[PDB]
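A.B. asks: What follows is a single structure, and I will ask about it in a moment.
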């Protein structure tokens with residue numbers, strides 16, 4: 022069977038179509054027909070070609086101290102990032118930041134030189 026297109030159905034002894042992101046398996050394939058895929062209901066999603074019986078619930082609204090970098094769409098879960106003044110202290114596997122921390126502010130006579138791998142400010146002295 023073809024990757025991200027179909028899967029092997031041991032009971033029907035044939036490959037059956039996978040459902041595209043934004044859809045889920047409404048009816049498995051059988052001797053007569055191939056998979057029947059339904060549209061994800063509102064506030065739900067599927068991000069990969071799947072055999073899912075239902076779509077996944079989108080995580081709730083981000084909030085004031087977060088920016089909604091990725092909206093909740095039939096193919097995308099909602100993704101929340103820290104604002105530009107902060108960096109993430111604990112990331113979720115999908116990139117969603119659970120915990121934001123403010124970036125270090127450079128003191129008087131200092132300025133931004135760049136950021137470290139964690140996203141925090143690196144300060145240099147101004148000449």
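Numbering (the authors' numbering), first residue to last: 22 to 148. All residues carry an ideal CB built from backbone N, CA and C; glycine is no exception.
If distances are taken between C-alpha atoms only, which option among 106, 114, 110 comes closest to residue 100?
C.D. replies: Per the Cα distances, 114.
A.B. asks: Would DSSP call residue 98 helix, strand or coil?
C.D. replies: Reduced to three states, the DSSP call for residue 98 is coil.
A.B. asks: Could you name the residues that DSSP lists as bridge partners for residue 52?
C.D. replies: The partner list for residue 52 (beta bridge, DSSP) is empty, contrary to what the question assumes.
A.B. asks: Checking the sheet assignment: what are the DSSP bridge partners for residue 3?
C.D. replies: The structure shown does not extend to residue 3, since the chain spans only 22 to 148, so no value can be given for it.
A.B. asks: Excluding the five sequence neighbours on either side, which residues of its own chain have a C-beta within less than 6 Å of the C-beta of residue 140, listed in chain order?
C.D. replies: The answer, listed in chain order, is 108.
A.B. asks: Can you grab the Cα-Cα spacing for the pair residue 48 / residue 71, in whole Å?
C.D. replies: Roughly 12 Å separates the two Cα atoms.
A.B. asks: Say whether the region 123-133 touches the region 77-90, bearing in mind that this needs 3 or more beta-carbon pairs closer than 8 Å, one atom from each stretch.
C.D. replies: Too few Cβ pairs lie closer than 8 Å, so no.
A.B. asks: Between the alpha carbons of residue 54 and residue 97, how many angstroms are there, rounded?
C.D. replies: If I take the Cα positions, the gap works out to 29 Å.
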